[PDB]
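**Q** Take a look at this one; I'll ask things after.
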Amino acid sequence: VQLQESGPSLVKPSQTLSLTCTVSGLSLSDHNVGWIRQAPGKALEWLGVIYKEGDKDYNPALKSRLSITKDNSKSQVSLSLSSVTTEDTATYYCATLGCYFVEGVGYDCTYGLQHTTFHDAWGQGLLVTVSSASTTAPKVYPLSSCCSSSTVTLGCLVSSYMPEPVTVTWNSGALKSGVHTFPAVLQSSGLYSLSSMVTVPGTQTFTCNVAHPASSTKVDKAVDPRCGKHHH
Amino acid sequence: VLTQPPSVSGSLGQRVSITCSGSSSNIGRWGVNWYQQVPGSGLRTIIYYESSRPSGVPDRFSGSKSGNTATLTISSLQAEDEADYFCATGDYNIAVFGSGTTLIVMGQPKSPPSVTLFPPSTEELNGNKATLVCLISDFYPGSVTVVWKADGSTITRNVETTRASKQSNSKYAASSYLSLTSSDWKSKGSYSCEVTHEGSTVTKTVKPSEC
């Protein structure tokens, strides 16, 4: 059981934001699926929900701009938000609306819960940014703190990209101990840059795997750990 | 909208409670749900209806409701509990969520920041660019101030520093960037990154002319 959001992470203002929630290991026939978003540093905002039989409820404040449909055969739930502005920049989540009978009171429902197993049922969340800027792929550079310590420190600079996010791994996900990927900063140029670091106490090669789905780019970059041999 | 306190504090092993006040239409009538979001990940359901918890959430979390005010209580705090907590309920055919509460766990051991100042790579200098990366990690409390320098002179322009963020060991990390041209890079003798934390400064220096 998994819920996965997908769709453009960059949309132009006044256009329509369209996302797809693909539901794995589950049947949309007997599951309510809803949408919730979270603006940068803001509280959660309910969008709407499509029930088992195709019935729908929406947030009154957004009803006029909101459309939720679903295709049982494709195991997909759709979200359309028209005439988007910068206020619509947010991390969008899809989740199940699990309902249950309370013996004494009646029926009640919970977003992010499965109706019978009572398991967690949240999507991963997809950040989509309403901006007029275009898609800029990142230039990735190797970081070396050589300019002879016990713990060599190296990394990758993922520089000047738009839009968020990028995902960085090391050696195809094999190296995870001692790694730290930092949050991105926004610079004067109007583009994002972040860095990932590896501290290791070498006898191995280090390549970082950068991926920027917005530009469909994927770069593997080898990072030279050695010091006094390269420079001399 | 459901009213939550913007933030609450507590120390390790101590009990903390987060309130969620609504009205007789939503909280007074229908069930209340709570959600956890660590800054690195998304949303996770921790309790539902009133006091029931999904599979895999600890026994420390529990919920209760008195009239129109619901409460999420964490019995004995731990480091991983530092996150944002949101409540939610229904009015009828409508769902309403809370304003959010940031939970901060105090009493964690202090740590000075590890600082690494990276120079610009030769591949970036070929594009007539030069960005200096100052990586900061393993510091608590999560608050640092970064000041850049060049030949002992402070620089304020073309400096972008990220706020502190929670990393894997539950202390904090941050990063600061100094974007300048490749001719500006060789124009000075030495650049440095000063990181002050709890009245103590850690400084790392880089030199283009030597390197």
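Residue numbers start at 1 in each chain; chains themselves are named A, B, ... in the order of the structure tokens; ligands are numbered from 1 in the order shown.
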Quick one: residues within 6 Å of stretch 64-81 of chain A, only C-alpha atoms, excluding same-chain residues fewer than 5 positions away - as an NGL selection string?
**A** :A and (16-23 or 28)
**Q** Residues as selected, N, CA, C and O atoms, written as a tab-separated table (two decimals), in the first residue's frame, can you do that?
**A**
```
chain	number	residue	atom	x	y	z
A	16	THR	N	-3.38	26.20	-14.66
A	16	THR	CA	-4.02	25.16	-13.86
A	16	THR	C	-2.98	24.18	-13.33
A	16	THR	O	-2.18	23.64	-14.10
A	17	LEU	N	-3.00	23.95	-12.02
A	17	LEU	CA	-2.15	22.96	-11.38
A	17	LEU	C	-2.87	21.61	-11.42
A	17	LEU	O	-3.98	21.48	-10.91
A	18	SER	N	-2.22	20.61	-12.02
A	18	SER	CA	-2.78	19.28	-12.15
A	18	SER	C	-1.82	18.27	-11.54
A	18	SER	O	-0.65	18.22	-11.92
A	19	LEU	N	-2.32	17.48	-10.60
A	19	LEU	CA	-1.53	16.43	-9.96
A	19	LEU	C	-2.27	15.11	-10.04
A	19	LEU	O	-3.49	15.06	-10.19
A	20	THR	N	-1.50	14.02	-9.94
A	20	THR	CA	-2.04	12.67	-9.96
A	20	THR	C	-1.56	11.93	-8.72
A	20	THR	O	-0.37	11.97	-8.39
A	21	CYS	N	-2.49	11.26	-8.04
A	21	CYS	CA	-2.17	10.40	-6.90
A	21	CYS	C	-2.38	8.96	-7.34
A	21	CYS	O	-3.52	8.51	-7.49
A	22	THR	N	-1.28	8.24	-7.53
A	22	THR	CA	-1.33	6.84	-7.94
A	22	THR	C	-1.36	5.96	-6.69
A	22	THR	O	-0.46	6.04	-5.85
A	23	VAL	N	-2.39	5.13	-6.58
A	23	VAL	CA	-2.62	4.30	-5.40
A	23	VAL	C	-2.19	2.88	-5.73
A	23	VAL	O	-2.79	2.22	-6.59
A	28	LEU	N	-9.28	1.58	-5.57
A	28	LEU	CA	-10.03	2.83	-5.42
A	28	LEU	C	-11.53	2.62	-5.30
A	28	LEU	O	-12.24	3.58	-4.97
```
**Q** Restrict the distance test to only C-alpha atoms, flag each residue of chain B within 7 Å of chain A, and return the flagged residues as an mmCIF file with N, CA, C and O atoms, in the first residue's frame.
**A**
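Final output, selection.cif:
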```cif
data_model
loop_
_atom_site.group_PDB
_atom_site.id
_atom_site.type_symbol
_atom_site.label_atom_id
_atom_site.label_comp_id
_atom_site.auth_asym_id
_atom_site.auth_seq_id
_atom_site.Cartn_x
_atom_site.Cartn_y
_atom_site.Cartn_z
ATOM 1 N N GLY B 31 -15.062 13.541 15.867
ATOM 2 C CA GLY B 31 -13.782 13.099 16.373
ATOM 3 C C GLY B 31 -12.647 14.024 15.981
ATOM 4 O O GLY B 31 -12.733 14.812 15.038
ATOM 5 N N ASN B 33 -8.347 14.319 15.266
ATOM 6 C CA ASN B 33 -7.185 13.576 14.805
ATOM 7 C C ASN B 33 -5.951 14.457 14.920
ATOM 8 O O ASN B 33 -6.040 15.686 14.846
ATOM 9 N N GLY B 42 7.300 14.211 5.654
ATOM 10 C CA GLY B 42 5.967 14.752 5.481
ATOM 11 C C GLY B 42 5.084 14.552 6.695
ATOM 12 O O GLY B 42 5.529 14.740 7.830
ATOM 13 N N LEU B 43 3.835 14.160 6.470
ATOM 14 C CA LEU B 43 2.852 14.023 7.533
ATOM 15 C C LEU B 43 2.718 12.569 7.970
ATOM 16 O O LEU B 43 2.842 11.643 7.165
ATOM 17 N N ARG B 44 2.461 12.380 9.264
ATOM 18 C CA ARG B 44 2.240 11.060 9.840
ATOM 19 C C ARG B 44 1.105 11.143 10.849
ATOM 20 O O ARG B 44 1.123 12.003 11.733
ATOM 21 N N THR B 45 0.125 10.252 10.712
ATOM 22 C CA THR B 45 -0.984 10.190 11.653
ATOM 23 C C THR B 45 -0.543 9.464 12.919
ATOM 24 O O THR B 45 -0.001 8.356 12.850
ATOM 25 N N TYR B 48 -6.129 8.974 16.195
ATOM 26 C CA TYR B 48 -7.352 9.232 15.449
ATOM 27 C C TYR B 48 -8.567 9.111 16.360
ATOM 28 O O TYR B 48 -8.511 8.523 17.443
ATOM 29 N N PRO B 54 -2.511 4.655 15.364
ATOM 30 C CA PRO B 54 -2.215 3.685 14.299
ATOM 31 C C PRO B 54 -1.097 2.727 14.673
ATOM 32 O O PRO B 54 -0.506 2.832 15.752
ATOM 33 N N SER B 55 -0.800 1.786 13.782
ATOM 34 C CA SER B 55 0.279 0.840 14.026
ATOM 35 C C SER B 55 1.627 1.540 13.906
ATOM 36 O O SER B 55 1.884 2.252 12.931
ATOM 37 N N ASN B 93 -19.918 17.848 6.531
ATOM 38 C CA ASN B 93 -19.338 17.386 5.280
ATOM 39 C C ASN B 93 -18.039 18.115 4.953
ATOM 40 O O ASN B 93 -17.570 18.061 3.812
ATOM 41 N N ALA B 95 -13.966 19.241 6.336
ATOM 42 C CA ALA B 95 -12.832 18.989 7.212
ATOM 43 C C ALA B 95 -12.102 20.295 7.494
ATOM 44 O O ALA B 95 -11.925 21.125 6.596
ATOM 45 N N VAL B 96 -11.682 20.475 8.744
ATOM 46 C CA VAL B 96 -10.962 21.669 9.171
ATOM 47 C C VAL B 96 -9.733 21.241 9.960
ATOM 48 O O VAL B 96 -9.802 20.335 10.800
ATOM 49 N N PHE B 97 -8.603 21.884 9.680
ATOM 50 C CA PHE B 97 -7.333 21.567 10.310
ATOM 51 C C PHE B 97 -6.892 22.709 11.218
ATOM 52 O O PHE B 97 -7.381 23.837 11.120
ATOM 53 N N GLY B 98 -5.949 22.396 12.114
ATOM 54 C CA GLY B 98 -5.471 23.369 13.073
ATOM 55 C C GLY B 98 -4.358 24.248 12.527
ATOM 56 O O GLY B 98 -3.839 24.037 11.432
ATOM 57 N N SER B 99 -3.991 25.251 13.329
ATOM 58 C CA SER B 99 -2.966 26.208 12.929
ATOM 59 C C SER B 99 -1.552 25.656 13.068
ATOM 60 O O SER B 99 -0.635 26.173 12.420
ATOM 61 N N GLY B 100 -1.355 24.640 13.887
ATOM 62 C CA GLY B 100 -0.052 24.025 14.020
ATOM 63 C C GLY B 100 0.632 24.410 15.321
ATOM 64 O O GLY B 100 0.451 25.513 15.852
ATOM 65 N N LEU B 117 35.094 24.836 5.477
ATOM 66 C CA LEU B 117 35.043 25.882 4.461
ATOM 67 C C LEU B 117 35.629 25.328 3.170
ATOM 68 O O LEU B 117 36.839 25.094 3.080
ATOM 69 N N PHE B 118 34.771 25.122 2.173
ATOM 70 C CA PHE B 118 35.247 24.594 0.901
ATOM 71 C C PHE B 118 35.583 25.729 -0.061
ATOM 72 O O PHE B 118 34.860 26.728 -0.123
ATOM 73 N N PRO B 119 36.675 25.594 -0.807
ATOM 74 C CA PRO B 119 37.001 26.576 -1.838
ATOM 75 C C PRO B 119 36.242 26.274 -3.117
ATOM 76 O O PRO B 119 35.655 25.190 -3.256
ATOM 77 N N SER B 121 35.772 24.963 -6.812
ATOM 78 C CA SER B 121 36.468 23.970 -7.612
ATOM 79 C C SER B 121 37.039 24.607 -8.875
ATOM 80 O O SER B 121 36.628 25.690 -9.300
ATOM 81 N N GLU B 124 34.392 25.112 -11.727
ATOM 82 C CA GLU B 124 33.557 26.305 -11.660
ATOM 83 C C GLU B 124 34.336 27.562 -12.024
ATOM 84 O O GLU B 124 33.771 28.487 -12.620
ATOM 85 N N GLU B 160 24.541 34.288 1.364
ATOM 86 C CA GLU B 160 23.257 33.655 1.633
ATOM 87 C C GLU B 160 23.474 32.514 2.614
ATOM 88 O O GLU B 160 24.217 31.573 2.318
ATOM 89 N N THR B 161 22.828 32.598 3.774
ATOM 90 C CA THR B 161 22.976 31.618 4.840
ATOM 91 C C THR B 161 21.621 30.998 5.147
ATOM 92 O O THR B 161 20.654 31.716 5.423
ATOM 93 N N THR B 162 21.554 29.671 5.098
ATOM 94 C CA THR B 162 20.324 28.969 5.434
ATOM 95 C C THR B 162 20.122 28.952 6.942
ATOM 96 O O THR B 162 21.080 28.967 7.720
ATOM 97 N N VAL B 206 40.475 30.079 4.170
ATOM 98 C CA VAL B 206 40.893 29.547 2.880
ATOM 99 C C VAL B 206 41.701 30.617 2.157
ATOM 100 O O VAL B 206 41.470 31.818 2.329
ATOM 101 N N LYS B 207 42.668 30.175 1.353
ATOM 102 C CA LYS B 207 43.594 31.080 0.675
ATOM 103 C C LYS B 207 43.683 30.714 -0.801
ATOM 104 O O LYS B 207 44.091 29.581 -1.132
ATOM 105 N N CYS B 211 46.598 27.589 -1.473
ATOM 106 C CA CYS B 211 45.731 26.472 -1.849
ATOM 107 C C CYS B 211 46.520 25.189 -2.098
ATOM 108 O O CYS B 211 46.000 24.232 -2.671
#
```
**Q** Which distance in Å separates atom CA of residue B:88 and atom CA of residue B:38, to one decimal?
**A** 17.5 Å
**Q** List as a ChimeraX atom specification the protein and nucleic acid residues near residue B:74, meaning an atom at most 7 Å away when only C-alpha atoms are counted, but skip any in the same chain fewer than 5 places from it.
**A** /B:15-17,60-62
**Q** Any chance you could list, as a list in words, the residues in stretch 27-160 of chain B that come up alpha helix (DSSP H) when DSSP is run on the backbone?
**A**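 Residues meeting the alpha helix (DSSP H) criterion: residues 122, 123, 124 and 125 of chain B.
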**Q** Any chance you can output those residues with C-alpha atoms as a JSON list (two decimals), in the first residue's frame?
**A**
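Produced file selection38.json, reproduced below:
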```
[["chain", "number", "residue", "atom", "x", "y", "z"],
["B", 122, "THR", "CA", 38.61, 24.42, -10.71],
["B", 123, "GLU", "CA", 35.67, 23.39, -12.91],
["B", 124, "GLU", "CA", 33.56, 26.31, -11.66],
["B", 125, "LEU", "CA", 36.45, 28.76, -12.05]]
```
**Q** What parts of stretch 6-225 of chain A does DSSP call strand (DSSP E)? I'd like the answer as a short mmCIF file (atom, residue, chain, number, x, y, z; two decimals) with N, CA and C atoms, in the first residue's frame.
**A**
```
data_model
loop_
_atom_site.label_atom_id
_atom_site.label_comp_id
_atom_site.auth_asym_id
_atom_site.auth_seq_id
_atom_site.Cartn_x
_atom_site.Cartn_y
_atom_site.Cartn_z
N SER A 6 2.27 12.90 -8.19
CA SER A 6 3.10 13.17 -9.35
C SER A 6 2.46 14.30 -10.15
N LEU A 10 6.54 22.78 -11.23
CA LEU A 10 6.63 24.19 -11.61
C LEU A 10 5.48 24.50 -12.56
N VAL A 11 4.61 25.41 -12.16
CA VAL A 11 3.50 25.85 -13.00
C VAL A 11 3.51 27.37 -13.07
N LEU A 17 -3.00 23.95 -12.02
CA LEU A 17 -2.15 22.96 -11.38
C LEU A 17 -2.87 21.61 -11.42
N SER A 18 -2.22 20.61 -12.02
CA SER A 18 -2.78 19.28 -12.15
C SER A 18 -1.82 18.27 -11.54
N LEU A 19 -2.32 17.48 -10.60
CA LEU A 19 -1.53 16.43 -9.96
C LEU A 19 -2.27 15.11 -10.04
N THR A 20 -1.50 14.02 -9.94
CA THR A 20 -2.04 12.67 -9.96
C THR A 20 -1.56 11.93 -8.72
N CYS A 21 -2.49 11.26 -8.04
CA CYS A 21 -2.17 10.40 -6.90
C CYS A 21 -2.38 8.96 -7.34
N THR A 22 -1.28 8.24 -7.53
CA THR A 22 -1.33 6.84 -7.94
C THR A 22 -1.36 5.96 -6.69
N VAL A 23 -2.39 5.13 -6.58
CA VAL A 23 -2.62 4.30 -5.40
C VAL A 23 -2.19 2.88 -5.73
N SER A 24 -1.14 2.41 -5.07
CA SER A 24 -0.65 1.05 -5.23
C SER A 24 -1.18 0.15 -4.12
N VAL A 33 -10.35 8.99 -1.15
CA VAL A 33 -9.06 9.64 -1.31
C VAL A 33 -9.27 11.15 -1.33
N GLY A 34 -8.49 11.87 -0.51
CA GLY A 34 -8.58 13.30 -0.42
C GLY A 34 -7.24 13.97 -0.68
N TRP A 35 -7.27 15.30 -0.72
CA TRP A 35 -6.08 16.11 -0.98
C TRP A 35 -5.93 17.16 0.11
N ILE A 36 -4.70 17.31 0.60
CA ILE A 36 -4.35 18.33 1.57
C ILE A 36 -3.03 18.96 1.13
N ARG A 37 -2.89 20.27 1.33
CA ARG A 37 -1.67 20.97 0.97
C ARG A 37 -1.12 21.73 2.17
N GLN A 38 0.16 22.07 2.09
CA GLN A 38 0.85 22.81 3.14
C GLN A 38 1.74 23.86 2.48
N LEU A 44 -1.77 23.28 7.70
CA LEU A 44 -2.37 22.41 6.69
C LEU A 44 -3.71 22.97 6.22
N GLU A 45 -3.97 22.82 4.92
CA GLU A 45 -5.20 23.31 4.31
C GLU A 45 -5.87 22.16 3.58
N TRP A 46 -7.10 21.85 3.99
CA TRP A 46 -7.88 20.83 3.31
C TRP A 46 -8.36 21.33 1.96
N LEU A 47 -8.23 20.48 0.94
CA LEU A 47 -8.68 20.81 -0.41
C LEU A 47 -10.01 20.14 -0.74
N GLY A 48 -10.05 18.82 -0.69
CA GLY A 48 -11.27 18.10 -1.00
C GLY A 48 -11.04 16.60 -0.92
N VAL A 49 -12.10 15.86 -1.20
CA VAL A 49 -12.06 14.40 -1.13
C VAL A 49 -13.08 13.84 -2.12
N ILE A 50 -12.71 12.75 -2.78
CA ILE A 50 -13.61 12.00 -3.64
C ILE A 50 -13.91 10.67 -2.95
N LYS A 56 -18.21 13.81 -4.08
CA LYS A 56 -17.12 14.75 -3.84
C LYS A 56 -17.53 15.80 -2.81
N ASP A 57 -16.55 16.23 -2.02
CA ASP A 57 -16.67 17.38 -1.15
C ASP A 57 -15.44 18.26 -1.33
N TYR A 58 -15.63 19.57 -1.25
CA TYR A 58 -14.56 20.53 -1.48
C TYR A 58 -14.48 21.54 -0.35
N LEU A 66 -11.49 24.33 -7.83
CA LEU A 66 -11.09 22.98 -7.47
C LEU A 66 -11.86 21.95 -8.28
N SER A 67 -11.16 20.89 -8.69
CA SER A 67 -11.76 19.77 -9.40
C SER A 67 -11.01 18.50 -9.03
N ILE A 68 -11.74 17.49 -8.56
CA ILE A 68 -11.16 16.20 -8.20
C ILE A 68 -11.94 15.11 -8.93
N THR A 69 -11.23 14.32 -9.73
CA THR A 69 -11.81 13.17 -10.43
C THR A 69 -10.97 11.94 -10.11
N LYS A 70 -11.37 10.80 -10.65
CA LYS A 70 -10.70 9.55 -10.33
C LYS A 70 -11.04 8.50 -11.38
N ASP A 71 -10.08 7.60 -11.61
CA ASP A 71 -10.21 6.52 -12.59
C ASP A 71 -9.90 5.22 -11.85
N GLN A 76 -5.94 5.87 -10.07
CA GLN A 76 -5.47 7.25 -10.04
C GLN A 76 -6.57 8.18 -9.56
N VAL A 77 -6.18 9.16 -8.76
CA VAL A 77 -7.05 10.27 -8.37
C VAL A 77 -6.41 11.55 -8.88
N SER A 78 -7.22 12.43 -9.46
CA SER A 78 -6.73 13.64 -10.10
C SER A 78 -7.11 14.87 -9.29
N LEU A 79 -6.25 15.87 -9.33
CA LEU A 79 -6.50 17.16 -8.69
C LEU A 79 -6.22 18.27 -9.69
N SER A 80 -7.21 19.13 -9.91
CA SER A 80 -7.05 20.32 -10.73
C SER A 80 -7.32 21.55 -9.89
N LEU A 81 -6.39 22.51 -9.93
CA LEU A 81 -6.55 23.80 -9.29
C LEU A 81 -6.26 24.87 -10.33
N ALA A 90 2.79 25.27 -2.54
CA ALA A 90 2.61 24.45 -1.36
C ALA A 90 3.09 23.04 -1.65
N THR A 91 3.22 22.25 -0.59
CA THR A 91 3.46 20.82 -0.69
C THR A 91 2.11 20.11 -0.63
N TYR A 92 1.74 19.44 -1.72
CA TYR A 92 0.43 18.82 -1.84
C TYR A 92 0.50 17.34 -1.47
N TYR A 93 -0.42 16.91 -0.62
CA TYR A 93 -0.49 15.54 -0.14
C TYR A 93 -1.81 14.91 -0.56
N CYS A 94 -1.76 13.65 -0.96
CA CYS A 94 -2.96 12.84 -1.07
C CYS A 94 -2.95 11.79 0.03
N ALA A 95 -4.14 11.45 0.51
CA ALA A 95 -4.28 10.54 1.63
C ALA A 95 -5.66 9.90 1.57
N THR A 96 -5.78 8.75 2.22
CA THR A 96 -7.06 8.08 2.32
C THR A 96 -7.91 8.71 3.41
N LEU A 97 -9.22 8.65 3.23
CA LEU A 97 -10.19 9.12 4.22
C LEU A 97 -10.82 7.88 4.84
N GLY A 98 -10.10 7.26 5.77
CA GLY A 98 -10.55 6.02 6.38
C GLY A 98 -11.68 6.28 7.36
N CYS A 99 -12.77 5.54 7.21
CA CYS A 99 -13.95 5.70 8.04
C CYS A 99 -14.18 4.44 8.86
N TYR A 100 -14.82 4.62 10.01
CA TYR A 100 -14.97 3.55 10.99
C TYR A 100 -16.24 3.81 11.79
N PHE A 101 -16.82 2.73 12.31
CA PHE A 101 -18.04 2.81 13.10
C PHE A 101 -17.65 2.84 14.58
N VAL A 102 -18.11 3.88 15.28
CA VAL A 102 -17.93 3.99 16.72
C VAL A 102 -19.21 3.46 17.36
N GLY A 106 -21.47 6.60 16.25
CA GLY A 106 -21.79 6.43 14.84
C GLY A 106 -20.53 6.37 14.00
N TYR A 107 -20.64 6.87 12.77
CA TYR A 107 -19.53 6.86 11.84
C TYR A 107 -18.70 8.13 11.97
N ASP A 108 -17.38 7.97 11.81
CA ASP A 108 -16.46 9.10 11.74
C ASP A 108 -15.27 8.67 10.90
N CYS A 109 -14.51 9.65 10.42
CA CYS A 109 -13.48 9.39 9.43
C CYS A 109 -12.21 10.17 9.77
N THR A 110 -11.08 9.64 9.30
CA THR A 110 -9.77 10.23 9.54
C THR A 110 -8.98 10.27 8.24
N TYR A 111 -8.44 11.44 7.91
CA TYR A 111 -7.53 11.55 6.78
C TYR A 111 -6.18 10.95 7.13
N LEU A 126 4.25 16.38 -2.65
CA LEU A 126 4.93 16.92 -3.82
C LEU A 126 4.90 18.43 -3.75
N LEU A 127 6.08 19.04 -3.62
CA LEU A 127 6.20 20.48 -3.68
C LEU A 127 6.02 20.95 -5.12
N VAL A 128 5.07 21.85 -5.34
CA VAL A 128 4.89 22.51 -6.63
C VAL A 128 4.92 24.01 -6.39
N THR A 129 5.67 24.72 -7.22
CA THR A 129 5.92 26.14 -7.04
C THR A 129 5.27 26.92 -8.17
N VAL A 130 4.44 27.89 -7.82
CA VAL A 130 3.82 28.77 -8.81
C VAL A 130 4.79 29.92 -9.07
N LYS A 139 24.15 22.76 -12.28
CA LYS A 139 25.55 22.44 -12.50
C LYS A 139 26.14 21.98 -11.17
N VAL A 140 26.68 20.76 -11.15
CA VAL A 140 27.16 20.13 -9.92
C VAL A 140 28.68 20.11 -9.94
N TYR A 141 29.29 20.55 -8.84
CA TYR A 141 30.73 20.67 -8.73
C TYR A 141 31.24 19.88 -7.52
N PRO A 142 32.47 19.38 -7.57
CA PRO A 142 33.01 18.64 -6.43
C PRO A 142 33.57 19.59 -5.37
N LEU A 143 33.34 19.22 -4.11
CA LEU A 143 33.83 19.98 -2.97
C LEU A 143 34.97 19.21 -2.31
N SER A 144 36.09 19.90 -2.09
CA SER A 144 37.26 19.30 -1.47
C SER A 144 37.86 20.32 -0.52
N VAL A 152 38.89 13.02 6.40
CA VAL A 152 38.72 13.78 5.17
C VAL A 152 37.25 14.13 4.99
N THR A 153 36.99 15.34 4.50
CA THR A 153 35.63 15.83 4.30
C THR A 153 35.50 16.30 2.86
N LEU A 154 34.57 15.71 2.13
CA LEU A 154 34.31 16.04 0.74
C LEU A 154 32.81 16.17 0.53
N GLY A 155 32.43 16.63 -0.66
CA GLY A 155 31.03 16.78 -0.94
C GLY A 155 30.77 17.19 -2.37
N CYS A 156 29.51 17.51 -2.64
CA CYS A 156 29.06 17.96 -3.95
C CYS A 156 28.27 19.24 -3.80
N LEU A 157 28.60 20.24 -4.62
CA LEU A 157 27.84 21.48 -4.69
C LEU A 157 26.87 21.39 -5.87
N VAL A 158 25.58 21.40 -5.57
CA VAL A 158 24.53 21.42 -6.59
C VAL A 158 24.11 22.88 -6.74
N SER A 159 24.60 23.53 -7.79
CA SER A 159 24.56 24.98 -7.89
C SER A 159 23.60 25.45 -8.98
N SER A 160 22.85 26.50 -8.66
CA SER A 160 22.09 27.30 -9.63
C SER A 160 21.10 26.43 -10.42
N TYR A 161 20.05 26.03 -9.71
CA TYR A 161 18.97 25.26 -10.33
C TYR A 161 17.62 25.85 -9.95
N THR A 167 17.51 15.71 -5.42
CA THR A 167 17.77 14.60 -4.52
C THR A 167 19.18 14.09 -4.76
N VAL A 168 19.96 13.98 -3.68
CA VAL A 168 21.36 13.61 -3.75
C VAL A 168 21.57 12.31 -2.99
N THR A 169 22.20 11.34 -3.64
CA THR A 169 22.69 10.13 -3.01
C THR A 169 24.18 9.99 -3.32
N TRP A 170 24.80 8.99 -2.69
CA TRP A 170 26.22 8.73 -2.89
C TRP A 170 26.44 7.27 -3.21
N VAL A 179 26.90 10.85 5.76
CA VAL A 179 26.44 11.78 4.73
C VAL A 179 25.45 12.75 5.35
N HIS A 180 25.44 13.98 4.82
CA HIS A 180 24.43 14.96 5.20
C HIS A 180 24.18 15.88 4.02
N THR A 181 22.94 15.89 3.53
CA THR A 181 22.51 16.79 2.47
C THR A 181 21.81 17.99 3.11
N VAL A 185 19.59 26.90 -0.41
CA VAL A 185 19.49 28.34 -0.22
C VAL A 185 19.08 28.98 -1.54
N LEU A 186 18.44 30.14 -1.45
CA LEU A 186 18.04 30.92 -2.62
C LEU A 186 18.91 32.16 -2.69
N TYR A 192 18.34 28.25 -6.98
CA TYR A 192 18.63 27.49 -5.77
C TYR A 192 20.00 26.84 -5.85
N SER A 193 20.63 26.68 -4.68
CA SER A 193 21.86 25.91 -4.56
C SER A 193 21.86 25.20 -3.21
N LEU A 194 22.33 23.95 -3.21
CA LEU A 194 22.52 23.21 -1.97
C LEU A 194 23.80 22.40 -2.07
N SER A 195 24.18 21.80 -0.95
CA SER A 195 25.39 21.00 -0.86
C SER A 195 25.12 19.74 -0.07
N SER A 196 25.80 18.66 -0.45
CA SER A 196 25.80 17.41 0.28
C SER A 196 27.23 17.09 0.69
N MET A 197 27.40 16.59 1.91
CA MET A 197 28.72 16.41 2.50
C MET A 197 28.90 14.97 2.94
N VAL A 198 30.14 14.49 2.85
CA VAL A 198 30.53 13.18 3.35
C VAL A 198 31.73 13.34 4.26
N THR A 199 31.59 12.93 5.51
CA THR A 199 32.70 12.83 6.45
C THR A 199 33.00 11.36 6.65
N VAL A 200 34.24 10.96 6.38
CA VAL A 200 34.63 9.56 6.45
C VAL A 200 35.99 9.44 7.14
N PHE A 206 34.39 8.02 -4.30
CA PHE A 206 33.18 8.73 -3.89
C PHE A 206 32.59 9.45 -5.10
N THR A 207 31.41 9.02 -5.52
CA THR A 207 30.63 9.71 -6.54
C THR A 207 29.26 10.05 -5.98
N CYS A 208 28.80 11.27 -6.23
CA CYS A 208 27.50 11.73 -5.78
C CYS A 208 26.52 11.70 -6.95
N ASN A 209 25.29 11.28 -6.67
CA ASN A 209 24.25 11.10 -7.69
C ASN A 209 23.19 12.17 -7.49
N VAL A 210 23.22 13.20 -8.33
CA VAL A 210 22.27 14.30 -8.27
C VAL A 210 21.16 14.04 -9.29
N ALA A 211 19.93 14.36 -8.91
CA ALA A 211 18.77 14.20 -9.78
C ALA A 211 17.86 15.40 -9.63
N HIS A 212 17.40 15.94 -10.76
CA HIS A 212 16.54 17.12 -10.80
C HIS A 212 15.37 16.80 -11.72
N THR A 217 17.04 15.80 -15.55
CA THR A 217 18.48 15.60 -15.57
C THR A 217 18.91 14.72 -14.40
N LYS A 218 20.03 14.02 -14.59
CA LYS A 218 20.56 13.11 -13.58
C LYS A 218 22.07 13.02 -13.80
N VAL A 219 22.84 13.53 -12.84
CA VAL A 219 24.29 13.66 -12.98
C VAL A 219 24.97 12.81 -11.92
N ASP A 220 25.91 11.98 -12.35
CA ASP A 220 26.85 11.32 -11.45
C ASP A 220 28.18 12.06 -11.52
N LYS A 221 28.72 12.42 -10.36
CA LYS A 221 29.91 13.26 -10.28
C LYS A 221 30.90 12.64 -9.31
N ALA A 222 32.06 12.23 -9.84
CA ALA A 222 33.12 11.69 -9.01
C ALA A 222 33.85 12.81 -8.28
N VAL A 223 34.17 12.57 -7.01
CA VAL A 223 34.80 13.56 -6.15
C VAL A 223 36.15 13.03 -5.72
#
```
**Q** Could you tell me how far atom CA of residue A:82 lies from atom CA of residue A:5, in Å and to one decimal?
**A** 18.0 Å
**Q** Could you give me, as a PyMOL selection string, the residues within 10 Å of residue B:81, counting only C-alpha atoms and dropping anything in the same chain fewer than 5 positions from it?
**A** chain B and resi 12+36-38+74+76+103-105+170
**Q** Looking at A:3, A:104, A:201, A:148, which one is nearest to residue A:226, with distances taken over only C-alpha atoms?
**A**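 Residue with the minimum atom-to-atom distance to residue A:226: A:148.
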**Q** Can you list, as a list in words, every protein, DNA or RNA residue that comes within 9 Å of residue B:18 when you count only C-alpha atoms, leaving out same-chain residues fewer than 3 positions away?
**A** residues 4, 5, 7, 8, 70, 71, 72, 73, 74, 85, 101 and 103 of chain B
**Q** Restricting the calculation to only C-alpha atoms, which member of B:115, B:132, B:46, B:1 is positioned closest to residue B:144?
**A**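 Comparing B:115, B:132, B:46, B:1 against residue B:144, the winner is B:115.
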**Q** Suppose you want the space between atom CA of residue B:79 and atom CA of residue B:108; what is it in Å?
**A**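 Taking atom CA of residue B:79 as the start and atom CA of residue B:108 as the end point, the length is 7.8 Å.
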**Q** Show me, as a PyMOL selection string, the residues that have an atom within 9 Å of residue B:156 when counting only C-alpha atoms, minus same-chain residues fewer than 6 positions from it.
**A** chain B and resi 147-149
**Q** Between A:135, A:229, A:224, A:150, which residue has the minimum interatomic distance to residue A:8, considering only C-alpha atoms?
**A** A:135
